[PDB]
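Starting off, we have a lone chain in the form deposited in one PDB entry, written out as structure tokens.
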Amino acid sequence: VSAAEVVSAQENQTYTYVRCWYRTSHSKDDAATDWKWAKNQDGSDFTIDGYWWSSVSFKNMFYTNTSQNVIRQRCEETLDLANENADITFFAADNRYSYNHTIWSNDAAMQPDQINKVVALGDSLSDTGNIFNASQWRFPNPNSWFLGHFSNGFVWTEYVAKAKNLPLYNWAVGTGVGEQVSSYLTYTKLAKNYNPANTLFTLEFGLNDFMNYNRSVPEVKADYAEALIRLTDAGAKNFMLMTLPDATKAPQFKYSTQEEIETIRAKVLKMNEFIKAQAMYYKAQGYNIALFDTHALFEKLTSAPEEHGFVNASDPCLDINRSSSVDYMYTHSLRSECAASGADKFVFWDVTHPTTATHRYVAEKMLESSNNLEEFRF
């Protein structure tokens, strides 16, 4: 995008409204959500000033001078739910028909030298709503998956961002990581006072490539190395990396052959050694890298769930008893064991994805790692 098209979009100042989403139930066993327009204390509609921009139709981001904390506070005050599990999220919307557009809060010209946002790249372990908006709010079904998250609540990146009180800008899609990098590079050219050294990047991918597309280990390794080359060349300094959990331990592989399981598992182990090597490579160059061994953690969770506060690591919480992508389009009841224990005691929500309690557990172990993240300046 041209420097003239950047200033041209920035000068096209308007306003929009804020859609405040929330979990309707007080229990995380129920994924259903609803929304209200953010209001001011006087009862008038809350608006934010700024400019829109999109590289392609309906894929709009709204850029505002208003901070994420001010917007979050307006939603909290408007909703007044007395719901400890409200799990509020918010977006820019002109009216009830708008998609859920991400609000980018522009940084100040005089930012201190400290991490001030999280930018996530990856797949369904990280997506907070991209494929959901792209599918017109149909995939995954919003009665059985929490508002576009492939789980019953927040994913690990949201828990990390929450713990550090940082805004989270998500590029993960439940379109490839190379395209997500290109998209991140394009949208941030429209951001004001953007310094990539103040961004904490999260990156996880490879499971979809091995599980769904049967991609070779070298091509996935090459794409991963490419994503880090492109981000570091564009000024990225801070990363949270993770090894891949062995997805063959998820319930969906009850329905796969042993030969398929062994193939995928072998690819995962090879990729994980490469991820560890990549983390070392960037650490050696002076980058701030936090590597967490999610693979080792999932081996423990799936072999001894009781040692980690879980009762079941073998079945989905949802009553899904097959592996079919069609199931993401429909509403499902919880299976009896999960309705009895609560979803906070199951490792898996559906046949593939962790519950939000597992996502929180992973986030907390990641936050602990590298001496409470001693190389990052928050």
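For clarity, a rigid core is taken as the largest C-alpha set superposing within 1.5 Å between two forms. Residues that one form lacks are left out of the comparison. Throughout, we count residues from 1 along the sequence that is shown.
The discussion below concerns the form deposited in another entry, not included here.
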So, superposing on the core, is the move of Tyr330 at the CA at least 2 angstroms between the shown form and the other one?
no
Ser44 C-alpha shift between the shown form and the other one of 2 Å or more, rigid core reference
no
C-alpha of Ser370: shift of 2 angstroms or more between the shown form and the other one, rigid core aligned?
yes
The CA atoms of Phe58 and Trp35 move 3 Å or more in the other form, ending up farther
Can you tell whether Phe58 sits closer to or farther from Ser44 in the other form than it does here, judged by CA atoms, where the change is 3 Å or more?
farther
Superpose the two forms on the rigid core, then report in sequence order the stretches of at least three consecutive residues whose Cα positions each move 2 Å or more between the shown form and the other one.
56 to 58, 212 to 215, 370 to 373
